[PDB]
Ligand SMILES: CC(C)C[C@H](N)P(=O)(O)O
Ligand SMILES: CC(C)C[C@H](N)P(=O)(O)O
Ligand SMILES: CC(C)C[C@H](N)P(=O)(O)O
Ligand SMILES: [Zn+2]
Ligand SMILES: [Zn+2]
Ligand SMILES: [Zn+2]
Ligand SMILES: [Zn+2]
Ligand SMILES: [Zn+2]
Ligand SMILES: [Zn+2]
Ligand SMILES: [Zn+2]
Ligand SMILES: [Zn+2]
């Protein structure tokens, strides 16, 4: 697939396109990616929760249940064709790396990633809003947060049982 | 002359050719196979939402527009959270009616396409245009059901669509015409027309003052346009004492930002900052037309937000109806100021549910755009009812978080009990919702931030470019199901 | 499937019905009047630029698209400075061809509409689309003249339009593919395919250094992409010694602004900052194809403008080929820097005229937008020839002033002979032209600032959204007339 690089700063989705493609070669049970992808996600939910875009409600529920236990929360965001339409509308190539509008930046970014995924159980975690901590999470000093590492570990533990 | 809109589905694997609807096949037979013949000659098959026009097939229908309906059995799409078949019908019929109008034909008969309500919604929503102030206008088209079998369903669709179009008219009209007073008067005439079991109170400034609505008053004083507090009642329950459902809508007729003035680019769209009031009032009008067996109260504080020698000043502290003080750090975060007072007043009715709608934050647009209305609620039962209703209407809703995490950022206030803007710039829609919550104690409250669905370019196929009137039908559907 | 495009004029006061073209009435006669009957049944008359489709009228043409041509006797419009009849034809034919393509029909015959060249231009320019890098593409349409009477005129239109389309291709192609070297190679192959009486020299950086083109070199050094100086010769005159006409074009394959970096919004359009080179080179290729009896030389300095550890720094002083020093106050005013050296080199050919084209200033866009190319010239004779040619092609030009008033603002310089930006923002296109003039001593020089006509949205009806390739046809027409 060809990609029109209209904005060089929308680079995360460019490197993820190739990694997601390579992920399919392992014939995996699930594919879960995490990225400090968009400033839009921060404007959307801030540090309250990691945004999760997934084509599997079963997968959403497992991540959600794990977050309840860890306290490092997740919140579902939409994967709609409405957003896909705005990234495949492209002057020169198959897909554009930025949407035709500023609205729903995190959603159009997720739609871009989806054009590189055919797996039935895929989840994209936009962690841009939980990159840092000031005083929101009481038990983390000011600085980089490392979220939602514990939620991923809990998900893996439960899955293995 | 009269035009005709007919549907055809996408061909199924086992089928030899794409199948017309019952009405399409009947017409084909009426014209001795000429419709099928000409469609075949015209080339490639018609896909969902596409159209093709054939002339002179029958003396009574000089122009026949065939529209693609997609897969006949398309039902609820688990990935899109909507009934796909209904959405396909709405889009296809709208496209077909637009073609007939471009041909300057004044009357059109429409194929029910297996779902007359959806067909009517596509026709009535699709043809709508606010052109009262223009000298050059498109031909006025009168759309009617082709056949008579599904008339009740067709009429229901016309009703739902008309409710949304009233919201669109109110939102689109320029603010120098659509003042707080004018808005109230239009809602009044429509509600009384809908049912005699109604009461309308166009409350003046003196009443607003007696009610101690200091937060709402602070926003209104900057402008010379008189503010009003619109209160409407629909007494549909058999039991007069049955607790009502209360709806609240943000009614800023024009938002310039006040002293914390807005940038010039596209500020004209702020004439629709009263969209919250438009959608809830229109939903109530429609509920009354439907004669729903429930009691409902609508509340809409209305005023302009303008800069002047007596306008709100950053840092000013105002007192809400409940006695809680608010530090107005930014005069352009005025929606939450007027809603604080309306939400307090909503509790006096001892309601079953409280639902408010508002074009509250630009942050909501950045978050979800026009894909869905953001819903903040302390009740998962309420969320599910709104969600289920949205699947039927196609006018989607998506849940947003109501966490103390966000409350902490608005109660951290230098001078007062609560600050009208958060301590940080992140999660603007969430902190705005947290602010509203500080004025709510009810167990079943939902806040709808409709800022991202205020307008349509071409995302929703069946709405022309302009104010959208979303999500009026979802509110009407919620009310209908609630009453059953 | 085979399609047919036919034209119809607007009805005159004393006519009973609007008149078809000769081809339209011939087809109507062939089908015993069925074309007129169905057009009448379909409703309102077709106005200029509008279309309507009729199916199954004849076995050889399952799809017939009728297009409105406007007033039949529409000639030169003194208010618009163009031949209106030709513009109406280009628009109508393009619209008709787009409909044929939407129907996925691979071949179409086109009514010459009283002016085969204009008809061909509308079809070829209208159907063009740069889609080499996409998996999903529209059906390739093969447009040909309907009938056998106006073959030469039709092919002339195909040739003129093809020249413009080559320019559009070069402009639209992403900069990572369309490098200085690639541009030079593509122009080389097209010119050689056009005529054997051609010579091409893709001059390397070593030659640029020998030529002491310090101003051009200063812009190129910031990027890793090698720069080249394209020099092309078309030897069309019967007399080998006849002085040539010289064309010069700005070839910035990508303009990031350099150290004086551009803002992000829409910076992708800067892949077309080599439009001046594209248009002048394409005009020469077309002149060669037509075998015009004249000698022509084309010059195009090509390079990228990028930021790096070795790029031009604001305040740096560079020396042009003619010995003049230039103070580079803004690295993003790079077009005038590369043109200074190319214009100097142009004088070595003892030319009859010197014409340069460049996407030079945003100021030109603020001035005239896409309405017309701005022309600065020291020769009224030259202005008039360009103006007259534009009336015929419809791709308009508009004169801009070459006054000492502007020169004064660029020679007022702290460190050098001339500053690359004016002392004020006012008249940006005029001060830019004044800068170029300091490198020209020729009596017949014209500078075309094409920045405003770089792209098309919907302004020129017969060009789809994208890079425009303007004013290629106006340059070709100028050359044709000059040769006669
Ligand atoms: C603020 C931050 C999360 C932005 C991303 N790094 P982007 O520039 O790739 O969108
Ligand atoms: C863009 C729009 C939704 C902004 C709100 N009217 P505010 O200025 O009150 O946040
Ligand atoms: C908008 C465009 C025409 C600007 C020129 N490339 P400049 O940056 O060289 O002025
Ligand atoms: Zn980035
Ligand atoms: Zn990044
Ligand atoms: Zn309005
Ligand atoms: Zn505001
Ligand atoms: Zn507002
Ligand atoms: Zn290019
Ligand atoms: Zn530049
Ligand atoms: Zn440039």
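Values in this text are rule-based calculations from the coordinates and carry no lab data. Here Cβ is always computed from backbone atoms with ideal geometry, including for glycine, and neighbour counts include all displayed protein chains.
Do you know which residues across the range A:1-43 are surrounded by 14 or more Cβ atoms within 10 Å (Cβ to Cβ) and over 13 Å from the mean Cα position of the chain (by Cα)?
Scanning the range A:1-43 gives A:3, A:4, A:5, A:6, A:7, A:10, A:23, A:24, A:30, A:43.
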Scope the range B:349-402; condition within 14 Å of chain A (Cβ to nearest Cβ) and on the phi > 0 side of the Ramachandran plot; matching residues: B:369, B:394
Single match in C:64, C:110 (criterion: within 14 Å of another protein chain (Cβ to nearest Cβ) and over 24 Å from the mean Cα position of the chain (by Cα)): C:64
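Filter the range B:21-35 down to the residues that are touching a strand residue (DSSP E or B) at 6+ places or on another chain (Cβ under 8 Å) and free of Cβ contacts under 8 Å to residues at least 40 places away in the same chain and list them by number. Please lay out each step first, then the result.
Taking the range B:21-35 and keeping what is touching a strand residue (DSSP E or B) at 6+ places or on another chain (Cβ under 8 Å), we get B:21, B:23-24, B:27-28, B:30-31, B:34-35.
Matches in the range B:21-35: B:27, B:28, B:30, B:31, B:34, B:35.
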Evaluation of residue B:10 against (1) within 14 Å of another protein chain (Cβ to nearest Cβ); (2) outside any helix (DSSP H, G or I); (3) out of contact with any helix residue (DSSP H, G or I) (no Cβ under 7 Å at 6 or more places or on another chain) (one fails), failing number: (1)
Of the criteria (1) surrounded by 22 or more Cβ atoms within 10 Å (Cβ to Cβ); (2) within 12 Å of chain A (Cβ to nearest Cβ); (3) closer than 19 Å to residue B:315 by Cα, which one residue B:425 fails: (1)
Residue among C:367, C:372 that is within 16 Å of ligand 3 (Cβ to nearest atom) and under 30 Å from residue C:483 (Cβ atoms): C:372
Residue in the range A:23-41 that is within 16 Å of ligand 2 (Cβ to nearest atom) and touching a helix residue (DSSP H, G or I) at 6+ places or on another chain (Cβ under 9 Å) present: yes
Options A:49, A:66; residue that is under 15 Å from the mean Cα position of the chain (by Cα) and either within 16 Å of ligand 8 (Cβ to nearest atom) or within 26 Å of residue B:81 (Cα to Cα) (or both): A:49
Failed item in (1) surrounded by fewer than 24 Cβ atoms within 10 Å (Cβ to Cβ); (2) touching a residue at least 12 places away in the same chain (Cβ under 8 Å); (3) part of a helix (DSSP H, G or I), with residue C:277 passing the rest: (1)
Residues of the range B:192-232 that turn out to be surrounded by 23 or more Cβ atoms within 10 Å (Cβ to Cβ) and more than 24 Å from residue B:306 (Cβ to Cβ), as a count: 1
Residue count, the range A:124-159 (criterion: away from chain B (no Cβ under 14 Å) and surrounded by 15 or more Cβ atoms within 10 Å (Cβ to Cβ)): 8
Residues that are buried (at least 21 other Cβ atoms within 10 Å of the Cβ) and in a loop (DSSP other than H, G, I, E, B), drawn from the range B:245-274: B:250, B:256, B:258, B:273, B:274
Residues located in the range B:387-413, provided they are buried (at least 22 other Cβ atoms within 10 Å of the Cβ) and within 30 Å of residue B:116 (Cβ to Cβ): B:389, B:390, B:393, B:394, B:395, B:396, B:397
Residue satisfying all of: in the range B:403-422; within 12 Å of another protein chain (Cβ to nearest Cβ) and either within 24 Å of the chain's Cα centre (by Cα) or in a helix (DSSP H, G or I) (or both); nearest to residue B:462 (Cα to Cα) among these: B:406
Failed item, numbered, when residue B:69 is tested on (1) touching a helix residue (DSSP H, G or I) at 6+ places or on another chain (Cβ under 9 Å); (2) within 14 Å of chain C (Cβ to nearest Cβ): (2)
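Please pick out the residue among C:468, C:433, C:427 that is in contact with a strand residue (DSSP E or B) (Cβ under 8 Å, 6 or more places away or on another chain), in contact (Cβ under 8 Å) with a residue 40 or more places away in the chain and within 25 Å of residue C:328 (Cα to Cα). Don't jump to the end; show me each part of the working.
Values: C:468 fails: within 25 Å of residue C:328 (Cα to Cα); C:427 fails: in contact with a strand residue (DSSP E or B) (Cβ under 8 Å, 6 or more places away or on another chain).
Unique residue meeting the criteria: C:433.
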Of residues in the range C:441-460 being part of a loop (DSSP other than H, G, I, E, B) and buried (at least 18 other Cβ atoms within 10 Å of the Cβ), the one nearest to ligand 9 (Cβ to nearest atom): C:454
Selection from the range B:293-303 of residues that are buried (at least 23 other Cβ atoms within 10 Å of the Cβ) and not in a strand (DSSP E or B): none
Qualifying residue in the range C:205-221 (condition: touching a residue at least 24 places away in the same chain (Cβ under 8 Å) and under 20 Å from the mean Cα position of the chain (by Cα)): no
Extreme residue, farthest from residue C:376 (Cα to Cα), among residues of the range C:428-440 that are in contact with a helix residue (DSSP H, G or I) (Cβ under 6 Å, 6 or more places away or on another chain) and in a loop (DSSP other than H, G, I, E, B): C:439
